[PDB]
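A quick write-up on the structure given underneath.
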Amino acid sequence: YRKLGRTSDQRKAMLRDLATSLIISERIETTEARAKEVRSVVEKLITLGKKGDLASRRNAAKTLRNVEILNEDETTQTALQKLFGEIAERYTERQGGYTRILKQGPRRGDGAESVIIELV
Amino acid sequence: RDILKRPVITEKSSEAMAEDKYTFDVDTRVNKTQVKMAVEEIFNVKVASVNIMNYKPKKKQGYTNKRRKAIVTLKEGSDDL
Amino acid sequence: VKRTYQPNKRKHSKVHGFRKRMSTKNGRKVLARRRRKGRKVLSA
Amino acid sequence: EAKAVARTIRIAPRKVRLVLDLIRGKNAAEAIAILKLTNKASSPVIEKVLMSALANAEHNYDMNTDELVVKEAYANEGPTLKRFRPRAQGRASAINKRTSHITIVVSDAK
Amino acid sequence: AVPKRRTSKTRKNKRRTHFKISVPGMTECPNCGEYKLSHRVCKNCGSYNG
RNA sequence: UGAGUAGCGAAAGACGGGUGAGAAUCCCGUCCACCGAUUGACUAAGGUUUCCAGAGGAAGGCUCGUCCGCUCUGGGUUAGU
RNA sequence: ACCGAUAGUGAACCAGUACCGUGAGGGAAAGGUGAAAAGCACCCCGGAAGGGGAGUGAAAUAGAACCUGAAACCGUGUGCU
Numbered sequence: 003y004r005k006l007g008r009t010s011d012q013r014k015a016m017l018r019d020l021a022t023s024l025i026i027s028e029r030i031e032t033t034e035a036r037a038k039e040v041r042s043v044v045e046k047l048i049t050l051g052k053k054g055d056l057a058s059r060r061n062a063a064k065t066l067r068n069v070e071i072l073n074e075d076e077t078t079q080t081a082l083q084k085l086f087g088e089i090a091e092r093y094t095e096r097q098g099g100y101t102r103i104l105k106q107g108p109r110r111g112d113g114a115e116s117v118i119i120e121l122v
Numbered sequence: 004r005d006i007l008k009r010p011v012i013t014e015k016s017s018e019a020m021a022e023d024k025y026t027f028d029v030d031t032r033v034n035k036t037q038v039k040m041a042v043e044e045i046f047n048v049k050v051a052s053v054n055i056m057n058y059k060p061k062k063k069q070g071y072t073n074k075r076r077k078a079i080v081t082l083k084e085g086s087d088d089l
Numbered sequence: 002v003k004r005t006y007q008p009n010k011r012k013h014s015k016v017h018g019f020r021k022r023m024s025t026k027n028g029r030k031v032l033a034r035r036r037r038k039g040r041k042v043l044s045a
Numbered sequence: 002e003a004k005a006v007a008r009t010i011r012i013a014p015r016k017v018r019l020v021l022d023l024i025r026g027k028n029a030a031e032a033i034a035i036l037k038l039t040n041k042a043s044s045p046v047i048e049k050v051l052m053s054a055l056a057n058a059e060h061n062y063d064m065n066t067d068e069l070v071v072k073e074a075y076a077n078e079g080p081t082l083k084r085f086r087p088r089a090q091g092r093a094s095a096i097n098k099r100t101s102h103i104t105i106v107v108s109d110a111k
Numbered sequence: 002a003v004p005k006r007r008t009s010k011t012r013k014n015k016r017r018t019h020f021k022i023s024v025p026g027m028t029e030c031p032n033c034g035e036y037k038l039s040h041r042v043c044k045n046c047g048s049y050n051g
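Protein chains in written order, with the authors' numbering: chain Z, 3 to 122; chain F, 4 to 63, 69 to 89; chain P, 2 to 45; chain E, 2 to 111; chain N, 2 to 51.
In structure tokens, the structure reads:
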């Protein structure tokens, strides 16, 4: 229910970019207003990856982005392959609450309070 | 004659182009035909080609002097200064 | 819009040049006044 | 009591005085934490002047930092720099860049 | 639109009464020992222990 | 004095590394976005060293700055057609 | 029985020069450490700037934004209200 000082066309792209950067790094820094909304967006992508059906694999591709992760090097599994894989096998018994927010204080030059969001 | 003033020593002139080309500083009123005759007489060499170019004063309040550097290509012989 | 002054190297020397101020008696009286005042630039 | 002066700083005096009221009369250990976690542009500069005054208390003299309190803190005005901003229809409006003099005094009250 | 009269020092100092700065909420950290903003992360150590 | 008031000059950015006393603003990488009878590529007039490299942050840059068309040092323009 | 740095020539400083105009033309602001540089070796905080000691000197509230230092204006403490 937040706009983040952006238009409807930019508020959707920036959310798709923040959700994919987290699944790759597993820990990122941002502002508090962006962390409380990206929170609900990433917690629903893991819910789809825990069902396994092909129909769910195609709905997650509408929000995910095409990005390669060479660290694994096992065919450079795409961001969507990491989901349904490494990430889907960790929260099997956990029902909700896959993220945690941490505060760090205001940042110089802008006054915005930095936050740390990570996957539990 | 007294037309050459100073040899040029730089990376472009010394490290490169020094294999067969030599750079000098000539008077601001001499053509490339008088630089070929002067080089041979003083250095006892045979010049094959000669290029010349002009430089304008640079602000440094006052301006630096204007320069004229020429590059000579010798057929036989070496300066080895 | 188009401003009043448009630089031109040749037109500036043909109208206010040193050789054109010497072609006229009135023009010569201009250089005599600038010399008498101590200006560093005489023409152009 | 030891003193330290920072001369010709490029922050307006009115802005420096806003943070000087939060530390005047406090302790030398609680004033450093206040200046750090604050988010004003005058905090880093004011803190470096207080760290050099506590060093002067134990090197020139010999006073233990445990018995040091902020006695006096104030800022004065320095020379100004006159600048001009172009406006509409060929007008110009002057702009002032002000400087400040920061002074800190620590004492043990003895 | 434009001020009719200049402002005196007595009047100027009364308007700036509430133009003050706030004191942050800081407490001593259980493990760092330094001061810390409540609900934040100790800059000195990095521990929160929520 | 007005007053810590008006304004800060058309526009899409996000995150991960690096540097450092100090990073929303500098460097590298990956996504995203805009122009494309064009914001692309060549050339007259005019300007006159603004061009390259290493080293700097007082002032100038409507914020910041480790960066620069800014400061210091040394370089750069080759014709019988 | 002339001026003494807003005075005296526009110019006590490298001035018909910064700057302004297409041009003919118009045109400023800027003096003073000490008798002697004897211009603060060295230690400390700091990336620097700056500062606190030490030292020079008769004097450094004489440290080159340097003789004397008035008013407007901006700050801190306090007796009465």
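From the three backbone atoms N, C-alpha and C, an ideal C-beta is built for every residue, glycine too.
DSSP places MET20/F outside both helix and strand once states are collapsed to three, so it counts as coil. When only Cα atoms are considered, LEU47/Z and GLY113/Z end up about 32 Å apart. Taken in chain order, the whole alpha helix (DSSP H) runs of length 4 or more contained in the segment 43-97 of chain Z are 56-62 and 81-84. A residue is called buried when at least 16 other Cβ atoms come within 10 angstroms of its Cβ; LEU51/E meets this threshold and is buried. The Cβ neighbour count for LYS98/E, taken over all protein chains shown within 10 Å, is under 16; the residue is labelled exposed.
With fewer than 16 neighbouring CB atoms inside 10 Å of its own CB, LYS59/F falls in the exposed class. The beta-carbon of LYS21/N is placed less than 9 Å from the nearest beta-carbon of chain E. Within the same chain, and ignoring the five residues on either side of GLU43/F in sequence, the residues whose Cβ sits closer than 7 Å to its Cβ are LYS49 and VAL50. Check the Cα spacing between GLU14/F and each of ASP5/F, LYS8/F and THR26/F: the tightest is with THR26/F. Look at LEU23/E: its C-beta is not under 9 Å from any C-beta on chain Z.
When only Cα atoms are considered, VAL20/E and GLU39/Z end up about 35 Å apart. With fewer than 16 other beta carbons inside 10 angstroms of its own, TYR62/E counts as exposed. Taking a C-beta cut-off of 9 Å against chain E, the contacting residues of the segment 30-42 of chain N are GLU35, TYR36, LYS37, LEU38 and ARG41, listed in chain order.
Counting every other CB atom within 10 Å of its CB across the protein chains shown gives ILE22/N a total below 16, marking it as exposed. Counting every other CB atom within 10 Å of its CB across the protein chains shown gives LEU82/E a total below 16, marking it as exposed.
For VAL3/N, not one C-beta of chain E is nearer than 9 Å to its own C-beta.
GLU28/Z is not a Cβ neighbour of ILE103/Z, given a cutoff of 9 Å. In this structure, the alpha-carbon of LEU17/Z lies about 16 Å from that of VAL117/Z. Annotation for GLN106/Z: the continuous beta strand (DSSP E) segment containing it runs 101-108. For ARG29/P, the closest alpha carbon among the candidates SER44/P, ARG40/P and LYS15/P is that of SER44/P. A distance below 7 Å between beta-carbons, with the five flanking residues on each side excluded, links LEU55/E to the following residues of its chain, in chain order: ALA29, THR66, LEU69 and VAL107. Non-local beta-carbon contacts of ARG84/E in its own chain, meaning distances under 8 Å to residues more than five positions away in sequence, involve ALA95, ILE96, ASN97 and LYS98 in chain order. The beta carbons of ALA78/F and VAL53/F sit about 6 Å from each other, so the pair counts as a contact at 8 Å. Annotated three-state conformation of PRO87/E is strand, per DSSP.
Here the alpha carbons of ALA5/E and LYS15/N stand approximately 32 Å from one another. Cβ atoms of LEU82/Z and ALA63/Z come within 8 Å of each other, at about 6 Å. At the C-beta level, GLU31/E and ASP109/E stay beyond 9 Å of one another. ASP23/F and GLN37/F have their C-alpha atoms spaced approximately 20 Å apart. In summary, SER10/Z is exposed, with fewer than 16 beta-carbon neighbours lying within 10 Å of its beta-carbon over all protein chains present.
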